[PDB]
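What follows draws every value from the coordinates through simple rules; no lab data is involved. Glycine gets a Cβ as well: all are built from the backbone with ideal geometry, and neighbour counts include every protein chain shown.
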2 protein chains.
Amino acid sequence: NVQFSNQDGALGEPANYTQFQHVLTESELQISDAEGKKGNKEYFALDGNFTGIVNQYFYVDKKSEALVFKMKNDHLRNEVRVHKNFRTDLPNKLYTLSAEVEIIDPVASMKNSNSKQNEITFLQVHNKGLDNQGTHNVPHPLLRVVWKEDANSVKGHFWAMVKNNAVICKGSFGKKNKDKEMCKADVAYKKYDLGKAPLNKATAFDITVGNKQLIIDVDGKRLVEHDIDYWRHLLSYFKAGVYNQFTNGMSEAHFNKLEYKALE
Amino acid sequence: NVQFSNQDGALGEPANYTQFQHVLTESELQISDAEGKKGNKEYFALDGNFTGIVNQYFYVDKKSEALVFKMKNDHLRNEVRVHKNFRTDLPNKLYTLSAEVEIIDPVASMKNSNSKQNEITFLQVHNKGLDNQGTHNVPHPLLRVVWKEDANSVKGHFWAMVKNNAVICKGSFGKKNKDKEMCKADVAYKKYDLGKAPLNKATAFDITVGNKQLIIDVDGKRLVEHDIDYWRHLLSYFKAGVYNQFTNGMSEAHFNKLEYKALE
């Protein structure tokens, strides 16, 4: 049901913008049908060919040349997914996602939200599983970089939400773990305050995974340096865009820059 | 109702024999009620205190001073279980189980066996799981060292059955995997012929786990040297005794030597 159109030239087509071409070649698009049903998502450019992949939710702004990701409704998404499923535990192999991002009027996006979370996730490190096929996938990402509306009265900061073990804590395969100490919100996740999100300007994020480390630089400052030995068996991958943890509004993220690099 | 008895002195008590004291202090006993239900098991000596733990199934033969393990019925068990749940992937930590074992008249144990397997497992490396609590236990041991009746016309040989991935292939948590290629018998397992099992003679087994390697010496000859990078996340442990994969018989193994050694 996802439809593609540049609105007769109103919207720039991402594959035609040189600064995004290489990360698109390395990725596919995973995007919800915004008129569709909760949780739905569809995959495009499975081979990294983004020719003609553009619409009102995924496009390059012709004036700013920002790569724009939008999506509406709770738990729908719109994300570039870098194909490499990499090991996170090897000393000679480091994988880096570099973005400059501005979240556009996030307060308005959430003005009608009935969610207790009220987050926009715009960068992720997820796990594929034990192998490239997703065997024993853990349904929790290693990392969500979010814009969070209100974290105990701290308004509008970026946060890194870090899964701090490899334990399935929800769903069909978490029934035995759900109520254990390991699956408590305070144990299963480590939260890093990445500072106030500014309006009208971009913030640089550099996420480096490998050598049993999750590293995050924010505007060039090292804010996360987290050992992930516990994650060593899980092949992992990058996503960037938007994924909604709020109800009844439209999220909007502008990427001035989005690059992927593997150092082996 | 697992009961203990030295049969008024007919049977030597294992805790009183110096060559076995240390391995017992580091272990517990996991033993079926031989009159009990399929798959049953009870635990004793949880603190490594084997005083008073002896019966017709688990005792020291007074004349040979052989540590004897016996058990009857398919998939009933009688094993010592070393308590250390160790990492297998670290270069500076090696864990060794050293045994000298004779399988007593195994052909007669399996006289009336209706099993396609017809094995006696007497040494295992199993996994606890991600943690010391058994989270996400994989219900497949890394290693079973077995006496096998007939392996494609090869009779009475010792074998190392090595689980060759970390995939759950059976039970409630294996439904999604059990029919996939990774779970096929000749994919999930690597089988090492460890040579003919001699009668009336003991055989030396030295199993070393650590540094991403599973190593097995038989009579001082290096017959298994298996990379176990795939297992790196699974805390693992040693078992020795008898575990029956054959029907309507009594297994019996005699351990002249049983030592556990951690080199950290």
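So, in segment A:83-102, how many residues would count as being among the β-branched types (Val, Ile, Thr), in contact with a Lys or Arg (Cβ under 7 Å, 6 or more places away or on another chain) and not in a loop (DSSP other than H, G, I, E, B)? I'd like the intermediate steps shown before the answer.
At the first step, the residues of segment A:83-102 found to be among the β-branched types (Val, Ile, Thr) are A:88, A:96, A:101.
Imposing the further condition that a residue be in contact with a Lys or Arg (Cβ under 7 Å, 6 or more places away or on another chain) reduces the set to A:88, A:96.
Subset that is not in a loop (DSSP other than H, G, I, E, B): A:96.
Total satisfying the criteria: 1.
Working only within segment B:185-201, note down all residues that are in contact with a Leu (Cβ under 9 Å, 6 or more places away or on another chain) and either of a type outside the set (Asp, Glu) or surrounded by 17 or more Cβ atoms within 10 Å (Cβ to Cβ) (or both).
So the first thing to find is which residues in segment B:185-201 are in contact with a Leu (Cβ under 9 Å, 6 or more places away or on another chain), and the list is B:192-195.
If the condition is that a residue be in contact with a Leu (Cβ under 9 Å, 6 or more places away or on another chain) and either of a type outside the set (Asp, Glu) or surrounded by 17 or more Cβ atoms within 10 Å (Cβ to Cβ) (or both), then B:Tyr192, B:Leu194, B:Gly195 are the ones that fit.
Given the conditions (1) surrounded by fewer than 16 Cβ atoms within 10 Å (Cβ to Cβ); (2) over 19 Å from the mean Cα position of the chain (by Cα), report the number of the one that B:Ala204 does not fulfil.
(2)
For segment A:223-241, how many residues meet the condition of being over 19 Å from the mean Cα position of the chain (by Cα) and either surrounded by 23 or more Cβ atoms within 10 Å (Cβ to Cβ) or more than 17 Å from A:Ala188 (Cβ to Cβ) (or both)?
Keep residues of segment A:223-241 that are over 19 Å from the mean Cα position of the chain (by Cα), which gives A:227, A:229-230, A:232-233.
So of that shortlist, the ones also either surrounded by 23 or more Cβ atoms within 10 Å (Cβ to Cβ) or more than 17 Å from A:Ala188 (Cβ to Cβ) (or both) come out as A:232-233.
Total meeting the criteria: 2.
Does segment A:176-185 include one or more residues that are away from chain B (no Cβ under 14 Å), of a type outside the set (S, T, N, Q) and closer than 30 Å to A:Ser64 by Cβ?
So far as segment A:176-185 goes, no, none of its residues is away from chain B (no Cβ under 14 Å), of a type outside the set (S, T, N, Q) and closer than 30 Å to A:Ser64 by Cβ.
Restrict the check to segment A:243-257 and report whether at least one residue is surrounded by fewer than 16 Cβ atoms within 10 Å (Cβ to Cβ), assigned to a strand (DSSP E or B) and among the charged types (D, E, K, R).
no
Name the pairs: first residue in segment B:14-29 and more than 13 Å from B:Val82 (Cα to Cα), second residue part of a helix (DSSP H, G or I), Cβ to Cβ under 8 Å, at least 6 apart or on different chains?
Within 8 Å, the pairs are B:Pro14/B:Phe20; B:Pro14/B:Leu24; B:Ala15/B:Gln21; B:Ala15/B:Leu24.
Pairs, please: C-beta under 9 Å, at least 6 apart or cross-chain, first residue under 7 Å from A:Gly210 (Cα atoms) and in segment A:78-93, second among the small types (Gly, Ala, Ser) and surrounded by fewer than 19 Cβ atoms within 10 Å (Cβ to Cβ)?
A:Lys93/A:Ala262
Would you check which residues across segment A:144-175 are within 14 Å of chain B (Cβ to nearest Cβ), over 20 Å from A:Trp231 (Cβ atoms) and polar (S, T, N, Q) and list them?
If the condition is that a residue be within 14 Å of chain B (Cβ to nearest Cβ), over 20 Å from A:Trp231 (Cβ atoms) and polar (S, T, N, Q), then A:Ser172 is the only one that fits.
Looking at A:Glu13, A:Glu35, which one is of a type outside the set (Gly, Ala, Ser) and farther than 26 Å from A:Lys201 by Cα?
Working: A:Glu13 fails: farther than 26 Å from A:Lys201 by Cα.
Unique residue meeting the criteria: A:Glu35.
Only one residue in A:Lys170, A:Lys155 is of a type in the set (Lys, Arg) and either surrounded by 20 or more Cβ atoms within 10 Å (Cβ to Cβ) or closer than 26 Å to A:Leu67 by Cα (or both), so which one is that? Spell out the reasoning first.
Working: A:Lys170 fails: either surrounded by 20 or more Cβ atoms within 10 Å (Cβ to Cβ) or closer than 26 Å to A:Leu67 by Cα (or both).
Step by step, each of A:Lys170, A:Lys155 is checked, and only A:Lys155 is of a type in the set (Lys, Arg) and either surrounded by 20 or more Cβ atoms within 10 Å (Cβ to Cβ) or closer than 26 Å to A:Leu67 by Cα (or both).
I'm trying to understand the selection: among the residues of segment A:60-82, which are touching a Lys or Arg at 6+ places or on another chain (Cβ under 9 Å) and within 16 Å of A:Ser5 (Cβ to Cβ)?
A:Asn78
I'd like the residue in segment A:39-94 that is more than 18 Å from A:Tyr17 (Cβ to Cβ) and aromatic (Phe, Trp, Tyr) and, out of all such residues, is surrounded by the most Cβ atoms within 10 Å (Cβ to Cβ).
It comes out as A:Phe86.
Inspect all residues belonging to segment B:245-256 and state whether any of them is closer than 29 Å to B:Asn152 by Cα, free of Cβ contacts under 8 Å to residues at least 12 places away in the same chain and either touching a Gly at 6+ places or on another chain (Cβ under 9 Å) or of a type in the set (D, E, K, R) (or both). Spell out the reasoning first.
Here is the first cut: in segment B:245-256, the ones closer than 29 Å to B:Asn152 by Cα are B:245-255.
Checking which are free of Cβ contacts under 8 Å to residues at least 12 places away in the same chain leaves us with none.
Checked against the condition, which is being closer than 29 Å to B:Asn152 by Cα, free of Cβ contacts under 8 Å to residues at least 12 places away in the same chain and either touching a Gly at 6+ places or on another chain (Cβ under 9 Å) or of a type in the set (D, E, K, R) (or both), segment B:245-256 yields no hits at all.
Of the conditions (1) among the β-branched types (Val, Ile, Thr); (2) within 23 Å of A:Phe238 (Cβ to Cβ); (3) over 21 Å from the mean Cα position of the chain (by Cα), A:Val187 satisfies every one except a single condition; which number is it?
(2)
Between a residue in segment A:130-143 that is more than 26 Å from A:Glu225 (Cα to Cα) and more than 8 Å from chain B (Cβ to nearest Cβ) and any residue that is of a type outside the set (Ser, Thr, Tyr) and not in a loop (DSSP other than H, G, I, E, B), which pairs come within a Cβ distance under 6 Å, given they are 6 or more apart or on different chains?
That search, which allows pairs on different chains as well, returns A:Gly134/A:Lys128.
Take the conditions away from chain B (no Cβ under 14 Å), out of contact with any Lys or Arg (no Cβ under 7 Å at 6 or more places or on another chain), part of a loop (DSSP other than H, G, I, E, B) and in contact (Cβ under 8 Å) with a residue 24 or more places away in the chain and apply them to A:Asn200. Does it pass?
Yes, satisfied.
Would you please name the residue that is nearest to the other protein chains (Cβ to nearest Cβ), looking only at residues in segment A:216-235 that are farther than 19 Å from A:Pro198 by Cα and in a strand (DSSP E or B)? Explain how you work it out, then say what you get.
Of the residues in segment A:216-235, the ones farther than 19 Å from A:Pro198 by Cα are A:224-235.
Filter once more, keeping what is in a strand (DSSP E or B): A:224-227, A:235.
Numbers: A:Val224: 22, A:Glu225: 22, A:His226: 18, A:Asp227: 15, A:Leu235: 12 Å.
Only one residue tops the list, namely A:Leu235.
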